[PDB]
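>>> Curious how this folds, go ahead:
(2 chains, ligands or ions: 2)
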Protein chains: 2
Amino acid sequence: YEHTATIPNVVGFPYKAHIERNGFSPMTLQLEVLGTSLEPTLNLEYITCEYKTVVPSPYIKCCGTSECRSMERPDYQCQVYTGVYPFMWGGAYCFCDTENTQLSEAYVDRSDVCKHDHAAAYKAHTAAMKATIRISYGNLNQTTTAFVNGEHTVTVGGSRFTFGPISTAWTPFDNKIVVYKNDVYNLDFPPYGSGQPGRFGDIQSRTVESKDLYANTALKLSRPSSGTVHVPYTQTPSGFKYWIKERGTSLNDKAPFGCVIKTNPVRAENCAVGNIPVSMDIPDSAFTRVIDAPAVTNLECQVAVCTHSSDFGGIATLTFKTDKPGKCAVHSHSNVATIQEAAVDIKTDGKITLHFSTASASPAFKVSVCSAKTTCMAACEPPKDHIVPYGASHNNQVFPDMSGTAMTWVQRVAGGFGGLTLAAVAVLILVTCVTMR
Amino acid sequence: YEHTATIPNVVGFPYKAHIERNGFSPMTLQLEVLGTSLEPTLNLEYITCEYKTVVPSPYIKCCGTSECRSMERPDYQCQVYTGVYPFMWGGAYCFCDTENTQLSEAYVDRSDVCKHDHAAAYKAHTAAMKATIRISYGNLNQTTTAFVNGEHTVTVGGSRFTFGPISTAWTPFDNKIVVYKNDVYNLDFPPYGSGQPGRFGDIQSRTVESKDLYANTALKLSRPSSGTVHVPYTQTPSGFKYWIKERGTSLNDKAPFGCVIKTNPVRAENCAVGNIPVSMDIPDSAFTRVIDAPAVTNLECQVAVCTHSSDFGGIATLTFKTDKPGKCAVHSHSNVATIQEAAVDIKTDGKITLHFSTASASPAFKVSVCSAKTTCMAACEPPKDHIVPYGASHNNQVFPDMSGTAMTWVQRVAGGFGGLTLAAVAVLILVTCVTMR
Ligand SMILES: *[C@@H]1O[C@H](CO)[C@@H](O)[C@H](O)[C@H]1NC(C)=O
Ligand SMILES: *[C@@H]1O[C@H](CO)[C@@H](O)[C@H](O)[C@H]1NC(C)=O
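Numbers count the residues shown, from 1 in each chain, chains lettered A, B, ... in the order given. Ligands and ions are numbered 1, 2, ... in the order given. Please find the structure below.
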């Protein structure tokens, strides 16, 4: 038996779902949302990490003839210097002054821990979210995991469940992002095509396959000083190191809905955005018929205290003439007030205590027993005063009953102020009709 | 030196891109596009393969006590029968009748060549596309490889190029597709949750690691006949084999632009749609300056025969006084007619032959030498009666020129017929100005 329902996509909030298929005993469904996850799609444009400037020893040859060459590995600077007069601890070496040559070369290479100390970039696409849902009812209580996509199936037991599409995807991720050892950032990194020499992405190599190490580190050489042998070069500092030293504002504390983020598959957890639909079908042999426990007759309530707004403050009592005892279900039709207990046993006395909670100062809830329903209002006067850390057990809406028992005088005085004008204008219409003649 | 251009996405079509910066001789670029390849995103919902019905040998026991047990393997048919009188080669076993047990059980499992003979489902989304581009200019002719995404460099050499994003992604794929041994289909599938018993995907297993082989193949058991030992089970044939048998209508023949599909990463190649923008920058020292071979003087063009529309029938003669002979650049400003010759050598005589092509019978292409420009017109009346097997090499725009030579009489007769009524309006105006008085 199919049936549609909607649940606010919030973790740790029990949800009620009563069934009203006549010919059988009415019953209810307990729904629990536990640890939803949202796993985006990744693209892995390029990766970056540290780098070392690899330079070999300089060459000195005592003839003075020039030797120039180039090789295809990236970022070489084929510079040759003459007129060098090098020294060394043996006073000096060779003898031909003003006739000498030095060919100093250098390049860059990725870090020795490029497989471990690397930061990666990624693209963001439309994401899919999983969920773990705990379903319970009469003599059944178990959990399951579903894709909560546009269509899926649970097969939790004799019954079956389906989850509808998500109303809106207010995902924290956007466009392109960066990840670095268990944290992410919404950095607008430069493209693979070009790189600013020093800010970020100094090397723009792809995966560790180790080919085509693009780099814009921009080495610059100079003529060595007359003192002794050197390899003078100017190298901008590692932008990746600077990005480490700055970092700041890790995205984990920037989640709009407090959506904590793990990184091993890159996903998001436990944030309450929108609401989710559900459609269920139930075998008819999953619960007893109407022949068991008809215990309604006349039904009346009594309201005691409504110390509300924290967990449950609406303590109420229900009394009624009862037949032989049995399992009977109860719920509340209005969404203003929510009760906390499912079907409960009934003794022969007829007095049963129930709890609920609501922010409304004058609740007008609609109690329904497994065969009869009645209205019952409470002067929910106690306004609490705390700052509690536990969750709420009510809808965010609040509005006093139009009928009510406190704001009645305001609406009646407004109605009287309007009715005096209405009666007077009726008198005016009658008098003008008489005088028109 | 940044400059922008557009290229139609037609494979095998040389493209001429002219740069006419002052202070240097104008220069021309040859553009080639070789085998584009659009690659989509894949999601891998689940898998589908054959199913084997595994049935153990039946259990016999001559005491009458039944042993019904339930396990966690899929789609058990737990049933045991009584009143069985089995027979074998030795006639029969045991003696008791009307008090016997016959236990029969069966279940389903994935196929043996599941590792190789599987079929894959995938979800498509926004897709990137790579292109191979060959660039040529003066004494430089090399291929490239760019992702032609929103922004990315090429760096073919002294110059640098960046290919812009595609206008619209008219991907042949859509939503959900199926991959099975070198062919795809635009055929939707039931979700991973539930499936129809027999049509397709009656086995909806996840990844090949053989976990939770969900089955809805509807096994049924029956009472064995009184003759001998049996195990009567009824089962619908495998939907995977039936789907292979019917197959038909491969997607490789439904490409809306003749885009051949290769399955190893699943991409679509060699198909024309839209156009590709590009930007570039060129070093100053990549060409010559104006002081080299200025020899335009005056100019005029002639045409001998202009049988057009197939490859190139527009032989044109250009003569002009010449200075010291040398190289130069030549192209056409408009696109009504297109040429094939790149920068060409110039002799002292000045007689130069050109090959061009067009569609309309009255081209108005304006030729342009690297310093001069003169209007060229021709009466390319004669078509040719063939159905060519090779590619077209000109823009599809067919339109007689505003000036023209055959449609002029239409223009003059329309102008004259307008002139009759214009002069009639004039004479009416003079008459009414006389009579207004
Ligand atoms: C359902 O079972 C869980 C343990 O798996 C338990 O904590 C919970 O209280 C049960 N629900 C009810 C309504 O008893
Ligand atoms: C570029 O070089 C290839 C040889 O690999 C040649 O076939 C082609 O014609 C050259 N391009 C031009 C415009 O001549």
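>>> Run through the residues that contact the residue of chain A found nearest chain B.
Relative to chain B, the nearest point of chain A is residue A:153 (2.4 Å; C-beta to the nearest C-beta). C-beta here means a position set from N, CA and C on the backbone, and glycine is covered the same way. In this structure, residue A:153 makes contact with A:160-162, B:191-194, judged by C-beta atoms under 8 Å, 6 or more residues apart in numbering or on different chains.
>>> So it, which state does it fall into?
coil (DSSP: H, G, I helix; E, B strand; the rest coil).
>>> same deal with residue A:242?
Classification of residue A:242 into helix, strand or coil gives helix, according to three-state DSSP.
>>> buried stuff in the longest helix seen in chain A?
As assigned by DSSP state H, the longest helix anywhere in chain A is helix A:408-436. Of the residues in helix A:408-436, none has enough neighbours to count as buried (16 or more other C-beta atoms under 10 Å in any protein chain shown).
>>> for that helix, packing partners?
Under the contact definition 3 or more C-beta pairs under 8 Å, 6 or more residues apart in numbering or on different chains; DSSP states H and E, helix A:408-436 sits against no other helix or strand.
>>> The strand or helix carrying residue A:261 - contacts with which helices or strands?
When elements are assigned from DSSP states H and E, residue A:261 belongs to strand A:260-262. Using 3+ C-beta pairs under 8 Å, 6+ apart as the contact criterion, the neighbours of strand A:260-262 among helices and strands are strand A:267-269.
>>> Run the contact check for the strand it packs on versus chain B.
No - contact between strand A:267-269 and chain B, assessed by C-beta under 8 Å from any C-beta of the partner chain, is absent, since the two come no nearer than 15.5 Å.
>>> list the buried ones in that strand?
Within strand A:267-269, the residues that qualify as buried by neighbour count (16+ other C-beta under 10 Å) are A:267-268.
>>> try stretch A:388-404
Residues of stretch A:388-404 classed as buried under the neighbour-count rule (16+ other C-beta under 10 Å) are A:393-394, A:400-401, A:404.
>>> ditto for stretch A:81-95
Across stretch A:81-95, burial judged by 16+ other C-beta under 10 Å covers A:81, A:84, A:86.
>>> Burial check on the nearest residue to residue A:159 once chain neighbours are set aside, number of neighbours?
If you skip the residues right next to it in sequence, residue A:159 has residue A:282 as its closest partner in space, 4.9 Å away by C-beta to C-beta, 6 or more residues apart in numbering or on different chains. Residue A:282 is flanked by 20 other residues according to other C-beta atoms under 10 Å in any protein chain shown.
>>> what's the answer for the one 10 residues further on, then?
Other residues near residue A:292 come to 15 when the count uses other C-beta under 10 Å.
>>> pretty sure it contacts residue A:323?
No - with contact defined as C-beta atoms under 8 Å, residue A:292 and residue A:323 do not form a contacting pair (10.1 Å).
>>> which SS state does residue A:353 fall under?
Under three-state DSSP, residue A:353 falls in the strand class.
>>> can you tell me how far the nearest residue to it once chain neighbours are set aside sits from residue A:358?
Taking C-beta to C-beta, 6+ apart, and ignoring the residues beside it in sequence, residue A:353 has residue A:317 as its nearest neighbour in space, at 5.5 Å. Here residue A:317 is placed at a distance of 17 Å from residue A:358 (C-beta to C-beta, to the nearest Å).
>>> Let me know the helix or strand that residue A:103 is in.
Here residue A:103 sits within strand A:101-104, counting by DSSP H and E.
>>> So which other helices or strands are in contact with that strand?
Contacting strand A:101-104 under the criterion 3+ C-beta pairs under 8 Å, 6+ apart are the following elements: strand A:59-61, strand A:79-82.
>>> distance between it and the chain's centre?
60 Å (C-alpha atoms, centre = their mean, to the nearest Å).
>>> Which stretches in the stretch 201-350 of chain A count as strands?
When secondary structure is read from DSSP state E, counting those that start in this stretch, the stretch 201-350 of chain A shows strands at A:220-221, A:233-234, A:260-262, A:267-269, A:275-281, A:299-306, A:314-320, A:330-332, A:338-339.
>>> Nearest to residue A:11, out of the ones you listed?
Go through the strands of the stretch 201-350 of chain A one by one with C-beta to C-beta and the one that ends up closest to residue A:11 is strand A:267-269, at 8.9 Å.
>>> The closest one: partners in the sheet, and parallel or antiparallel?
Applying DSSP bridges, strand A:267-269 is found paired with strand A:27-39 (antiparallel), strand A:260-262 (antiparallel).
>>> Any buried residues in the shortest one, and which?
Meaning strand A:260-262. When neighbours are counted by 16+ other C-beta under 10 Å, the buried residues of strand A:260-262 are found to be residue A:261.
>>> near ligand 2, which residues of the stretch 51-200 of chain A?
Along the stretch 51-200 of chain A, not a single residue is adjacent to ligand 2 under the rule C-beta under 6 Å from any ligand atom.
>>> Close to chain B: what parts of the stretch 51-200 of chain A are there?
Taking C-beta under 8 Å from any C-beta as the criterion, the contact residues of the stretch 51-200 of chain A with chain B come out as A:125-126, A:128, A:147, A:151-155, A:160, A:162, A:191-194.
>>> May I ask which two of the residues you listed are separated the most?
Checking those against each other with C-beta to C-beta, the farthest-apart pair comes out as A:160 and A:194, at 55.0 Å.
>>> how about the helices of chain A, start to end?
Using DSSP H, the helices found in chain A span residues A:239-246, A:408-436.
>>> Distance to residue B:376 for the ones you listed - can I get that in TSV?
Below are these laid out as TSV (distance: least, C-beta to C-beta, whole Å):
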stretch	distance to residue B:376
helix A:239-246	56
helix A:408-436	89
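>>> Tell me which of those sits nearest to residue A:70.
Closest of the helices of chain A to residue A:70 is helix A:239-246, at 26.9 Å (criterion: C-beta to C-beta).
>>> For that closest one, C-alpha coordinates in CSV please.
These are the backbone C-alpha positions of helix A:239-246, laid out as CSV (Å, rounded to 0.1, in the frame of the first residue of the first chain):
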residue,chain,number,x,y,z
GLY,A,239,54.9,29.4,-3.3
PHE,A,240,53.7,26.1,-1.9
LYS,A,241,55.6,26.8,1.3
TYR,A,242,54.1,30.3,1.4
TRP,A,243,50.7,28.9,1.0
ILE,A,244,51.4,26.6,3.9
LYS,A,245,52.6,29.5,6.1
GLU,A,246,49.5,31.6,5.2
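>>> All set, thanks.
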